[PDB]
Structure formats: structure tokens, C-alpha cells
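Reviewing the structure listed below.
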Amino acid sequence: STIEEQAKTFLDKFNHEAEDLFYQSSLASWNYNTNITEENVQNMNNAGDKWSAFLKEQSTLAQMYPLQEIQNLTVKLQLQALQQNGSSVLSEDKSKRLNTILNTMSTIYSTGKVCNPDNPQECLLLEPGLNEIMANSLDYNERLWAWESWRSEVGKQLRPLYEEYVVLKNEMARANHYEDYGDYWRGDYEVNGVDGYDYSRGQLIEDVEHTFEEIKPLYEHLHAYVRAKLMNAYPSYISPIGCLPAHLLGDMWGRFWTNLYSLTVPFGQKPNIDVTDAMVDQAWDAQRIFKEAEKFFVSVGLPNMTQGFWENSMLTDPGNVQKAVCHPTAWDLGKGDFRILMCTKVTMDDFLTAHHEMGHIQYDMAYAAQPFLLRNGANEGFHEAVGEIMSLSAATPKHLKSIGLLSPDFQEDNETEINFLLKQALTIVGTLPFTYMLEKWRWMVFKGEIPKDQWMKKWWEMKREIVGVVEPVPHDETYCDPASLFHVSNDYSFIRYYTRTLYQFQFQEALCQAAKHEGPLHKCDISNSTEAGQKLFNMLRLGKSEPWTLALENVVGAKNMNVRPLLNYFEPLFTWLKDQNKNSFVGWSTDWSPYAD
Amino acid sequence: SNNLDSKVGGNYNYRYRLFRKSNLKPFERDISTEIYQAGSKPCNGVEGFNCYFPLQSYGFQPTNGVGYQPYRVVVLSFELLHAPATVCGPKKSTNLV
């Protein structure tokens with residue numbers, strides 16, 4: 019009758035056809051990851067190209083339905099995914115040149131290596147060599163050579179490639195009604211046509227800026243603590259009031275202080291929570307580690323797994339002849355067929371990783387009944403944020419004592435809680451301003467506020483102001499540090515880590531109140547609380563059919579990122595970092611550098 | 438019938454109607470291939486803008502789930518009319534004393 023029948027009919031046609039075609043690429047990817055062969059990789063790319071071509075052919079009808087006078091949110095969100103042309107707005111030469119840049123940038127980043135100045139015959143590759151130098155090795159000279167040489171050999175070569183990547187991407191985004199490709203990433207959270215829950219694209223810029231200043235009281239105290247500990251190991255280079263060198267952060271990109279735990283132990287005499295020895299004595303294996311993990315998911319009140327879920331999953335590497343990808347990955351093959359790939363071992367690192375990947379399945383299985391275009395997460399934050407809250411609760415010793423891995427006689431005191439709690443802040447608090455740093459710099463580059471010659475000049479300036487970090491050697495205009503990151507060279511968004519980080523504690527606070535936990539969140543344990551998993555599933559089942567702000571309003575009590583549950587998690591840590599910083603300066607001083615004289 | 442009727446790539450011999458200009462009646466059947474019209478323009482026998490071919494094939498693959506797998510369904514309707522009974526159940530018996 020009306021025009022409304024066209025969209026409701028066209029989407030059902032696409033939701034019928036795009037369903038099976040997309041799964042052919044997913045199961046083709048499953049076959050490749052389970053058996054890396056020249057035969058499976060061809061079907062993987064052919065299946066993706068087949069489905070990818072179907073998406074563009076279908077856009078001819080998606081664009082003939084104006085969404086101007088339409089109020090149906092279901093019709094708008096689904097057609098908007100197909101109405102966007104993306105890379106199809108430019109000519110084949112510009113689109114192909116873009117992929118040639120990304121393919122070349124990924125190769126230069128992947129094949130990077132550094133030989134020692136005294137051993138020209140021993141070059142260490144990006145993985146596993148140089149990552150071990152920044153993570154495990156404590157030698158000042160080795161950490162410096164791996165950092166500065168990486169910037170000159172890999173950073174400089176990616177600078178001219180990153181220039182073409184920005185200008186080509188900006189033309190694509192601007193053609194799709196955006197300000198720049200920086201705003202394109204911000205469009206993941208956009209909401210239009212809903213009263214009281216709308217969300218502008220550029221609103222993410224004020225949100226990260228607002229939450230950043232609220233993180234600073236917790237970050238400035240941790241920055242002085244790690245600086246004081248690293249100063250004792252490197253007193254001839256680190257001042258007690260200056261900045262932290264960039265090559266002593268724990269990685270080749272300066273993102274996590276997790277590798278600095280050995281140098282920043284609160285109490286090296288007291289024990290930690292670890293059930294590695296407890297599991298092997300009980301004769302646990304990859305299946306039992308997965309099975310008892312399911313009891314936690316059922317104990318909270320979430321749906322259990324299907325018989326085909328465990329039967330078709332991967333638990334180890336089936337030989338070198340059919341070597342599989344041992345990386346943890348939660349797979350949605352479709353038609354209710356969900357699986358996980360993991361080479362699980364008997365250790366606590368795999369105990370929590372299993373809950374992490376299983377949490378990803380709970381996300382996808384919840385909204386699996388939605389339409390195909392709406393069978394996806396509302397945003398990248400919700401996808402990965404829900405994964406960590408289930409593993410962090412399992413890491414709580416209260417759950418281990420109930421399961422029986424951690425013995426009941428294991429004492430718990432404020433001293434041991436700081437050993438675990440401070441270890442997380444090095445990962446969370448030591449990374450939150452760093453993600454805000456990179457995306458703020460990149461967002462200014464896509465918009466064009468920083469000239470292409472002033473990339474290294476402003477990058478060093480932002481490092482001293484935001485994070486309080488300085489390079490080990492001065493870099494001229496020819497260097498490009500953030501281009502040497504994996505997420506940057508491969509056209510990936512890094513803002514999701516900031517959003518996922520704060521959303522993680524937000525959802526945790528909502529469930530801890532549901533499970534009735536008193537005190538800080540670090541001792542929270544939602545295990546054996548049927549109301550906890552029940553309230554979560556009400557949010558997981560929404561998918562992307564409603565605004566993400568609506569999901570946060572009725573669950574965590576907010577419509578955007580917030581730092582309140584972060585300080586609640588690290589509440590006693592703020593008292594510990596304060597006590598440790600009594601003999602040092604809180605914050606940082608931009609006038610100090612390791613090469614100063 | 439997932440172990441019986443499913444096929445690699447979907448059993449295209451089993452199909453069903455997705456759209457119809459009107460609702461069916463009890464025990465009604467219709468196998469027409471008329472294009473479902475929504476707008477005022479004629480479809481000209483082809484689907485597209487405000488036009489859609491109503492029938493579509495099933496995705497009965499061996500990897501389907503409990504909700505998507507094929508189920509051999511049979512409906513047994515009983516009729517009690519003025520005409521005499523033509524079908525009944527079996528009656529019990531025993532030995533002969």
C-alpha cells in the first residue's frame with residue numbers, strides 16, 4: 019500500500035539472503051583457522067569477496083527509500099548500513115591505492131627488526147624478539163636500542179605512507195557526509211531520531227576530554243609511583259620529579275605498564291592468587307576448564323551452551339600438519355552454530371581467557387534472534403566490555419574458593435589485595451590516558467589541525483602534557499611514532515579500548531549491585547547470584563536495535579562514559595599510591611628528559 | 438529431519454511464501470507466483486521497488502541450529518460430520534472362556 023512495505027520487504031529479502039551468504043564466509047574462516055591450508059584460504063577470500071559484492075549490489079535499492087519522513091527506527095538503522103558507499107565513492111585508482119598503502123604499511127610494520135649496534139648479525143623481529151626486549155629484558159641499553167631503532171627503521175618509512183592513508187580516507191569520509199575519517203570512527207556511536215537518547219558524532223571528543231580529567235587524580239598518583247620504582251632501577255636517567263622515559267613503559271608502542279609489574283611490586287614477600295598448581299592436581303584439562311567455567315555462566319542465570327557448542331569447538335592444536343590458529347577467538351558461524359577456537363592449557367591465564375571468550379558468545383547469542391543487519395552489537399564498546407566483567411569476577415578468590423581451586427585456608431588481607439589491584443591499574447590506569455592521547459592526536463590529523471610536517475613535533479608535546487612521557491632520543495620532523503602501531507597501519511580504531519575500559523567497570527558496578535556486593539569493586543563476585551546474569555541478558559539481547567545510551571541508562575545509570583566506577587574499583591589503591599608518593603612528586607614535569615644535560 | 442533432509446548449501450526443493458496480498462483461510466492452499474504489489478505502479482512480472490517475488494527457498498543446511506533445522510511436520514485434523522464414521526481406533530480382546 020504505502021512506501022513502508024518496500025523497506026520492510028526489501029530488508030526481509032536482504033535479511034534472508036545476507037544471512038546465508040555471510041555465514042559462508044564465517045565458516046570458511048573457521049575452516050582456515052582450524053586448518054591453515056592453501057585450499058581453505060582460497061575459499062575464505064572467495065567467500066568474503068562473494069558476500070562483499072552482494073552488499074554493494076544491494077545498495078541500489080537501499081538508496082531509493084528516503085528516511086526523511088520515516089520514524090521507524092528498525093527501518094532506518096538497517097538501510098543506513100547499505101546506503102553508505104564507503105570506499106565506493108572514489109575511483110578504482112584511489113580505492114586501490116589506499117589498499118596498496120595499508121598492505122604496504124602492514125608489511126613494513128610486521129617485518130620490522132633491529133640489530134644491536136655491537137652485534138650486526140643478530141636482528142630481532144617484531145615478534146617474539148623485540149616484544150621480549152621491552153617486556154622481559156631490564157637492560158637499559160637494549161630497551162633503548164629497540165625503541166629508537168624501531169622509530170627510525172619502521173617509523174620513518176610509514177610517515178610517507180601514513181600521509182596517503184589520511185588524505186585518501188578523508189576524501190572517502192567527506193563523500194559519505196562526514197567532516198573527516200576521524201569523525202567516521204566517531205560515527206559508530208551516532209544516534210539520530212530518538213528523543214532523549216540522541217548522540218552526536220563529535221560528542222565523543224568532549225566525553226574523552228571530560229573523563230580524562232577525572233582519571234588524572236588516579237593517574238597522576240600512579241605515574242609518580244611507577245616513576246619512583248623505575249627511578250631506583252634507573253637513577254642515572256630518571257629524576258624524582260621528571261617524566262618517565264618512553265622506552266621503559268613495557269612495550270614497543272607505550273600502551274600498557276603491565277610488563278612493569280616486576281619492577282613495581284607493592285609487596286614482593288606476600289603471595290598472590292594463582293590456581294595453576296591447584297588445577298593440575300585435580301587433573302583438569304581444556305574441556306574441564308571450559309566445563310566448570312560454564313557453571314559460573316549458569317550460576318549467574320545466563321543461558322547455557324548447546325551440545326554442538328562444546329562438541330565442535332577447538333581445545334588444542336591438531337598437529338603441525340593441520341596447524342590451527344591458537345589465538346582466542348569467539349566465533350559466530352550462524353544458524354545458532356557458535357564455537358570457540360583456543361589452545362587451552364592448565365593455567366589460570368587460560369582459566370580467565372576461557373571466561374573471556376565465553377562472554378563474547380553470551381553477547382552474540384543474546385541478540386542472535388534479531389534481524390541480520392541488526393544481529394550485531396550497538397557499538398564496539400559493548401562487544402568487548404561485557405567479556406572482561408565475567409572473567410574479572412571469576413578471578414576473584416571468592417569464586418575460586420567456591421569452585422574449590424583456591425583452598426579455603428588462603429588468607430586474605432589488604433596487603434595482598436594491593437598486589438592484585440595495583441597490577442590491574444598498570445594495565446587500566448596506565449593505558450586510559452594513552453588511548454585518549456593517540457586518538458586525540460589522530461583525530462586532529464584527520465581533521466587537519468596538525469600539519470604533516472608537525473606530526474612528531476606535536477606528538478612529543480602531547481606525550482609530555484597528557485601522559486608525562488618523553489622519548490629516549492630527540493626525534494626530528496621525519497619520524498612518525500603512532501603510525502608504527504598495529505591498529506593504525508591496519509585501519510583499526512583504538513578509541514574502543516578507552517570506551518571498553520570505562521564501560522567494563524560501569525557494567526561491573528551494575529551487576530555488583532544486582533548481586534548485592536558491598537565495598538569496592540575489586541572484591542566483587544557475582545558468582546552464584548541468579549539476578550546478576552538475568553539483568554545482563556536483558557541488555558545483551560538488545561543488540562543494535564535500540565540506542566546504546568538507552569542500554570546504559572537502564573543498566574549502569576548513565577548515558578556516556580564515566581569515571582565514578584573506576585575510582586570505586588581502585589579506591590584502596592588511591593590510598594596506597596598516596597602513601598607511596600609521600601617521598602616523590604605527584605604528576606610530572608615536562609622539563610626533564612633522559613638525554614638532558 | 439536434520440540428518441535426513443538437510444543438504445550442503447540448503448535444500449532448495451523446500452520453499453515457502455514470505456509475502457501475500459491477503460491472508461489465507463483455514464486449510465487453504467495457494468501456489469501462485471504473483472509478485473507482491475505495494476505501490477501503484479505495475480511490477481511487470483519482476484521484483485524491485487515496491488515489488489517482491491513472494492516465494493523463497495529454505496536454508497536447510499547440516500550446520501543449522503535447533504531453531505533453523507528442518508522438522509518433518511504433519512497435521513492430523515479430525516472431522517465429525519452427519520455421514521457415518523469411516524475410521525475408528527482398535528478395540529481390545531482377550532481369551533475365550
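In order, the protein sequences belong to chains A and B. For the first sequence, UniProt numbering begins at 19 and goes up steadily by one. For the second sequence, UniProt numbering begins at 438 and goes up steadily by one. Yeah, the Cβ is synthetic: ideal placement off N, Cα and C, and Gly gets one too.
- Each of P565(A), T282(A), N394(A) was checked against the Cα of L156(A), and the nearest Cα belongs to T282(A).
- Against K68(A), chain B offers no close residue; the least beta-carbon distance is about 13 Å (beta-carbon pairs closer than 9 Å).
- Inclusion of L176(A) and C542(A) in the CB contact set at 7 Å is not warranted, their separation being larger than that value.
- The beta carbons of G211(A) and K94(A) sit about 6 Å from each other, so the pair counts as a contact at 8 Å.
- Under the 10 Å beta carbon count, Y510(A) is surrounded by fewer than 16 other beta carbons and is classified as exposed.
- Contact of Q493(B) with chain A is assigned, a C-beta pair being separated by under 7 Å.
- Excluding five sequence positions before and after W461(A), the CB atoms of its chain that fall closer than 6 Å to its own CB belong to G200, given in chain order.
- Look at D350(A): its C-beta is not under 7 Å from any C-beta on chain B.
- Beta-bridge annotation (DSSP): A348(A) is paired with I358(A).
- Per the coordinates, the alpha-carbon of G466(A) lies some 20 Å from the alpha-carbon of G104(A).
- Interface annotation, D382(A): not in contact with chain B, CB-CB separation never under 7 Å.
- In this structure, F28(A) is the residue among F28(A), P235(A), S106(A) with its C-alpha nearest to the C-alpha of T92(A).
- By alpha-carbon distance to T608(A), the top candidate from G537(A), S257(A), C261(A) is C261(A).
- The Cβ-Cβ distance between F512(A) and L456(A) falls below 7 Å.
- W203(A) and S409(A) have their alpha carbons spaced roughly 28 Å apart.
- Three or more Cβ pairs closer than 8 Å define a contact, and the stretch 593-609 of chain A falls short of that threshold against the stretch 562-569 of chain A.
- Any Cβ of chain A closer than 7 Å to the Cβ of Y489(B) would place that residue at the interface, and such an atom is present.
- DSSP places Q101(A) in the uninterrupted alpha helix (DSSP H) bounded by 91-101.
- By alpha-carbon distance to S43(A), the top candidate from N58(A), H34(A), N33(A) is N58(A).
- Under DSSP, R452(B) forms a beta bridge with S494(B).
- The DSSP assignment places 504-507 as complete runs of the alpha helix (DSSP H) inside the stretch 500-529 of chain A, in order along the chain (cut-off: 4 residues).
- Taking 7 Å as the upper bound on Cβ-Cβ separation, chain B lies near no residue of the stretch 221-249 of chain A.
- Pairing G354(A) with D382(A), the inter-Cα distance amounts to about 10 Å.
- The DSSP-derived three-state label of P178(A) is helix.
- Only exposed fits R452(B), as fewer than 16 other CB atoms lie within 10 angstroms of its CB.
- Distances from the alpha-carbon of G66(A) to those of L45(A), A80(A), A251(A) put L45(A) closest.
- Cβ contact annotation for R559(A) (same chain, cutoff 7 Å, sequence separation greater than five): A384, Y385, in chain order.
- When the Cα atoms are used, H374(A) and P538(A) turn out to be separated by approximately 22 Å.
- For a cut-off of 8 Å, the C-beta gap from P451(A) to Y587(A) is around 17 Å, too long to register as a contact.
- By the C-beta density criterion, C488(B) is buried, having at least 16 other C-beta atoms within 10 angstroms.
- Among the residues facing chain B, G260(A) is not included, as its CB has no counterpart in that chain under 7 Å away.
- With respect to the 7 Å criterion, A372(A) and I307(A) are classified as neighbours on the basis of their beta carbons.
- Contact between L424(A) and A296(A) is confirmed by a C-beta separation of about 7 Å, below the 8 Å threshold.
- Contact between the stretch 577-592 of chain A and the stretch 421-439 of chain A is present, with at least three C-beta pairs closer than 8 Å.
- Close CB contacts of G486(A) within its chain, under the 6 Å cut and outside five residues either way in sequence, are with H241, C261, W606 (chain order).
- Between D198(A) and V209(A), the CB-CB gap reaches or exceeds 7 Å.
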